[PDB]
């Protein structure tokens, strides 16, 4: 009957049910300039769409069948939800807490409510009596989509946001730039999208698959970006842009080779292959430095969240070793290790950001390869996204006083096959990254108590070398996304895969109402 995902920290089931009727009154705290009333108004619209129930306002506790009260002692995303025959009572300290209480309230109702779809026939509406106290284990509960390899577009990304929101995920990491495409309009550099957002193959070549000649691509205008940011904010999802530099930058190099290429006399094209490119940005070129500053400036206007991801994964130094500007810069920073140029490039950008007014400053996230360099100049107010040797990298980050986010390739890359069946779509892996394998990863296993404060959370990543169509994206995303969401939210002691399996089965109905694809193996 009751199926909540993520499982709350504390749930007690009580006798009886709360019945709505067609109309009822709510009393809602005015905290923070009526912000909670605004959250509640959004909820009311959803509820009416799905059920026909109308909620009006009251100031009188005695008339309130739903009450949202401020409890400042609760954590920033925590809530209490008490459902009795007489009243629904919610307590929280911050808008996100109240929003999550209402997510859990929706999830206690038939699945059409969470889906935001009315039922064909006439229905009766109620809640089970419960006492819930809930709070997320981790503050960062993320999903990353690669749109550089294949582009999905606004409608599909809204569906991604919708999926994340079901499971209380709060961080969308937008991997917008790659060797094979650049997907975000930058006004000062129009060729990033004019050249970089189109290429002459849909498939990315690998093994026996060759380029297919199709004029393929797409990008987001700044208007598009602002729309998606606003859409996600309504669901308490913040967006982190990733401009992956100076590696994974062949599309940018193809757009502006005259100053971004290490070897501008050679040819530079958007890459049609899968793999790791050596065609990295010439970090020693002054126009490359200005380019990066100017891109960051435009990101700052589009993305209000306080973090930017600069990537830094899989960045070969060989083209720097062969470039005169780079050799000279390395000599001038007193080094014989070309990796240091990557760190210096970042230091310039970090310094630049520090010159800006406080509200324009951003904190930086990097893939963990950056930690292999001498990062001392960057200080410890950077964040390491741990993916390769993740457990060890996160521990090293924490030991250096850096925040860390866990996105281990195994098992949190949910583009990978989720079954060994021969009928699975083509993607990376053998089929070992089953729902169970995802759920069973324990992020803080054997992590010393003193390091744990630096572990900000977890993220599932979705790489799109092989994935070109929304149906396949969704098939691979779901239901593994929910396992990572639960890992991010639910206390480890309350996590149980067989229990999760029973609960997630109830969401097939939700997925079907929304027309989402999903793997059916555990269903």
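Positions refer to the first chain, counted from 1.
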request  = Between 75 to 83 and 256 to 264, point out the one with the higher average CA B-factor as the PDB entry records it.
outcome  = 256 to 264
request  = Using only the Cα atoms and their B-factors as the entry lists them, report which of 190 to 198 and 129 to 137 averages higher.
outcome  = 190 to 198
task = Identify, among 106, 350, 223, 319, the residue whose C-alpha carries the highest B-factor in the deposited PDB entry.
result = 223
inquiry  = Looking at 417, 235, 173, 372, which one carries the largest C-alpha B-factor according to the PDB entry?
reply    = 372
Residue 143, C-alpha B-factor rank within chain (lowest, middle or highest third) = lowest
message = Per the entry's values, where does residue 42 land by CA temperature factor relative to the rest of its chain, in the lowest, middle or highest third?
response = middle
query = According to the PDB entry, is the CA B factor of residue 13 in the bottom, middle or top third of its chain, that is, lowest, middle or highest?
reply = highest
query = Against its chain's modelled residues, does residue 500's Cα B factor rank lowest, middle or highest third?
reply = middle
task = State the tercile, meaning the lowest, middle or highest third, of residue 150 with respect to the CA B-factors recorded for its chain.
result = lowest
